[PDB]
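> when you get a sec, could you give me coordinates for this:
(chains A and B)
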Amino acid sequence: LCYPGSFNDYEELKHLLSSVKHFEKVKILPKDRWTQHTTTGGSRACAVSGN
Amino acid sequence: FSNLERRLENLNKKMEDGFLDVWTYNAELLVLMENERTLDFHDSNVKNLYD
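Residues are numbered from 1 along each chain as shown, chains lettered A, B, ... in the order given. Next up is the structure itself:
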């Protein structure tokens, strides 16, 4: 976690991922649906090439 | 167990499967080892009458 924090039920997730093998990443809530909001935030903690 | 206790359910399952393999293995070898000896016992006893 490049942005400091915690992950709840992390050990249970790692256990869940044992009996998984492949999974497909599916877009559920496309970033551009969030009109009337700013979707471009970020932090120097997770910076890429300075930015 | 609840759906957030998968590692505990798995711990329980493993403990039970572990004891089952131990008791099954012991039952199988105790029977085979005892049968080897029963038959040798009987052969010994008839030879003992002979002598």
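
> could you report the neighbour count for the residue of chain A found nearest chain B?
Scanning chain A for the residue nearest chain B gives residue A:15, at 5.0 Å (criterion: CB to the nearest CB). (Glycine included, C-beta is placed from N, CA and C.) By other CB atoms under 10 Å in any protein chain shown, the residues close to residue A:15 number 14.

> what does the strand or helix carrying it contact?
Here residue A:15, judged by DSSP states H and E, is contained in helix A:10-16. Defining contact as CB atoms under 8 Å, 6 or more residues apart in numbering or on different chains, one finds that helix A:10-16 is touched by A:7, B:4-7, B:10.

> get me the contact residues on chain A for chain B.
Residues of chain A lying near chain B by CB under 8 Å from any CB of the partner chain: A:9, A:11-12, A:15-16.

> any chance of those in a markdown table, with distance to residue A:49 too?
Shown next, in a markdown table, are these (distance: CB to CB, whole Å):
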| residue | distance to residue A:49 |
| --- | --- |
| A:9 | 34 |
| A:11 | 34 |
| A:12 | 35 |
| A:15 | 36 |
| A:16 | 34 |
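
> which of those residues sits closest to residue B:44?
Residue B:44 lies nearest to residue A:15 out of the residues of chain A next to chain B, by CB to CB, at 56.4 Å.

> near chain A, which residues of chain B?
B:4-7, B:10.

> if we go to 7 Å?
B:4, B:6-7 (CB under 7 Å from any CB of the partner chain).

> so residue A:38, which state does it fall into?
Three-state assignment for residue A:38 (DSSP: H, G, I helix; E, B strand; the rest coil): coil.

> now swap in residue A:42 and tell me
coil.

> now for it, how many residues are close by?
10.

> got it, and the one 4 residues further on?
Per other CB under 10 Å, the neighbour tally for residue A:46 reads 9.

> now the closest residue to it other than its chain neighbours: phi and psi?
Counting by CB to CB, 6 or more residues apart in numbering or on different chains, residue A:2 is the residue found nearest to residue A:46 once chain neighbours are left out, at 4.0 Å. Per-residue torsions, residue A:2: phi -60, psi -30 (degrees, to the nearest 10).
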